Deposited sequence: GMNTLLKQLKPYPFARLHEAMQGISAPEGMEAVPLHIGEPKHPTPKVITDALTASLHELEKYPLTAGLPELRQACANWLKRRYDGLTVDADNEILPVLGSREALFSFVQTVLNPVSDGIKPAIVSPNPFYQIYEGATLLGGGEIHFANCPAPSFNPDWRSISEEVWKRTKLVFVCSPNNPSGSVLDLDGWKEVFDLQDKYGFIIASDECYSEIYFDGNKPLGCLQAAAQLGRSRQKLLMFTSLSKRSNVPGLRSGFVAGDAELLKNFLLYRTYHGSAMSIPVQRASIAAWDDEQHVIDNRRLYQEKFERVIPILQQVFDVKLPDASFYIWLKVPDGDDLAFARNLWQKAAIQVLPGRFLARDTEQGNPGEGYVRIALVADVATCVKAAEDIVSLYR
């Protein structure tokens, strides 16, 4: 049982808590939680109205594939969002109970060791789920480092021997933590590798709606369409969590290769991941409405518009491609000391970049950075930015 469970590594939050033990913030000073990776904006009424109005439907077991009208709301949203992209609600979309369970379960189906040990390639810095899902599925995790200035994945670091047994590659776009959006050239590179080696691509696009000034992030399926490529062995994973301020609703979808999804659905019927009908109705309301999403982007953009210039007094920093993070370069390279000093002097919590990345033969690509989330209100973000500058100017 505990053989694979024993290989799991502590979560970033836990590493930060341990690192801060014995370091005291100023007496009476409220902690400023910039280290978190979750939204703080309130849930929109359009979603909660739809949930409440359908609660009688709790009396019914939902089918794993979901209501036709939920799959169609996702197909309609895809068309609006990705400039006419046509994805078949009947064959290319499954609702998921948040992207976390979907990513984990899909990986379990992809990894079936017997035998050559199968590999999965993740960006580095990574999202902890990519590693854990791989370890618990009996796979071997490998890391494509994402160095500045583009923070795109360096696939060349991965040997031919590893590529030959690689069953899946993760892309996170927009990236947590770097904000980077993989562009057409980056997608073409990974598609060329896929033609060579035959792995599945899983693209985690949960930050697709968090962007600035009309500069919409390119998605995987859109990139494929722009390059005239089929959806074979391509899957996008997305969520209402960041888009719609409903991390608690546990609702998203997976879309792409109909052949992959046909078999994933069969598995999911046993894995027990069918969506509550009232949750489906709330989700339809969410995917159908853009006003709450527009309002959401406006809140984030206002924060960056104030915070970036404040931080530029002292730091080498610019607006990220997308997402609500700043991946801040630490001037002397010591992300741990940076976090300690901010906590001791201002009760400000930031996440050391090295806790989001693994050591490699080429170093740890999270060292020298901290992750800051602009999820609190603008006054809180501005005060923090000013306090940080005051400590480093």
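- For this chain, the deposited residues without C-alpha positions form the stretches 1, 116 to 117, given in sequence order.
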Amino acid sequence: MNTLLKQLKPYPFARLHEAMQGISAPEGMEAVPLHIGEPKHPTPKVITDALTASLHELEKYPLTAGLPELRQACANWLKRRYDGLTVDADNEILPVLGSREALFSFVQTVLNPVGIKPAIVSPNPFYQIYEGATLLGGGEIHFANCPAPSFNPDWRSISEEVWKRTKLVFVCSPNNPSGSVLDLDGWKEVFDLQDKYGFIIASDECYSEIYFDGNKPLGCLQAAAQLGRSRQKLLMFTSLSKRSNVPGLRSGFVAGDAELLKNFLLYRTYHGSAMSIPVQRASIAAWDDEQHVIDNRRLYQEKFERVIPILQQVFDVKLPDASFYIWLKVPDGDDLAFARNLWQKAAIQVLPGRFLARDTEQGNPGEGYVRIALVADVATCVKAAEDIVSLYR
From here on, numbers count along this sequence of modelled residues.
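- Between 231 to 239 and 147 to 155, the higher mean Cα B-factor belongs to 147 to 155.
- Between the stretches 5 to 13 and 373 to 381, it is 5 to 13 that shows the larger average CA temperature factor.
- When the C-alpha B-factors of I277, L111, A286, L97 are ranked from the entry, the top spot goes to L111.
- Per the PDB record, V162 has a higher Cα B-factor than any other of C220, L266, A255, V162.
- Among the modelled residues of the chain, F170 sits in the lowest third by CA temperature factor in this PDB entry.
- The PDB entry assigns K345 a C-alpha temperature factor belonging to the lowest third of its chain's modelled residues.
- Per-chain ranking of the deposited C-alpha B factor places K117 in the highest third.
- In the deposited entry, the Cα temperature factor of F191 places it in the middle third of its chain's modelled residues.
- In the deposited entry, the Cα temperature factor of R298 sits in the top third of values across the chain's modelled residues.
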